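Accompanying notes for the structure given below.
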Amino acid sequence: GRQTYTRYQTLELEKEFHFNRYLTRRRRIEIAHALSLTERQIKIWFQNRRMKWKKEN
DNA sequence: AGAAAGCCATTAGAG
DNA sequence: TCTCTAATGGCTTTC
Ligand code: NI
Ligand code: NI
């Protein structure tokens, strides 16, 4: 099964991605707690978002 | 070194 | 039926 992300979670992440397309371990834990997601989800979201940003270039 | 993070292709589920 | 993206898996890369 797959969880669906709220607007707030997706908005707060996209806002983060605006500043740096990669995350540090300290920040990655911070974000996972604030959005009530796992460290793994945050990593994966950025993997996908970086791939999505690649197709837009 | 080898754990941890990435890249990339691919899949599958939510709505 | 169709779209988008969470999630996966098998590699390579970074530290
Ligand atoms: Ni700006
Ligand atoms: Ni090695």
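Ligands are numbered from 1 in the order shown, residues from 1 within each chain, and chains are lettered A, B, ... in the order they appear in the structure tokens.
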Return as CSV the residues of chain A lying at most 8 Å from chain C, together with the closest atom-to-atom pair for each and the distance in Å to one decimal, counting only C-alpha atoms (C1' of nucleotides), with rows in chain order and ascending residue number.
residue,atom,partner,partner_atom,distance
A:2,CA,C:6,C1',5.9
A:3,CA,C:6,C1',6.9
A:4,CA,C:6,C1',7.5
A:45,CA,C:6,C1',7.9
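The list of chain A residues within 12 Å of chain B is residues 1, 2, 3, 4, 5, 22, 23, 24, 25, 40, 43, 44, 46, 47, 48, 50, 51, 52 and 54 of chain A; this uses only C-alpha atoms (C1' of nucleotides).
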Original post:
Mind pulling up the distance from atom CA of residue 26 of chain A to atom CA of residue 42 of chain A?
Top reply: 12.2 Å
**OP:** Measure the distance from atom CA of residue 29 of chain A to atom CA of residue 6 of chain A in Å and round it to one decimal.
**Re:**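 Value for the atom CA of residue 29 of chain A-atom CA of residue 6 of chain A distance: 18.9 Å.
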Original post:
Within 12 Å of ligand 1, counting only C-alpha atoms (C1' of nucleotides) and all ligand atoms, which protein or nucleic acid residues do you find, written as an NGL selection string?
Top reply: :A and (14-20)
Original post:
DSSP says helix (DSSP H, G or I) for which residues of chain A? Put them as a PyMOL selection string?
Top reply: chain A and resi 7-17+25-34+39-56
Original post:
Do you have the atom CA of residue 32 of chain A-atom CA of residue 10 of chain A distance handy?
Top reply: 12.2 Å
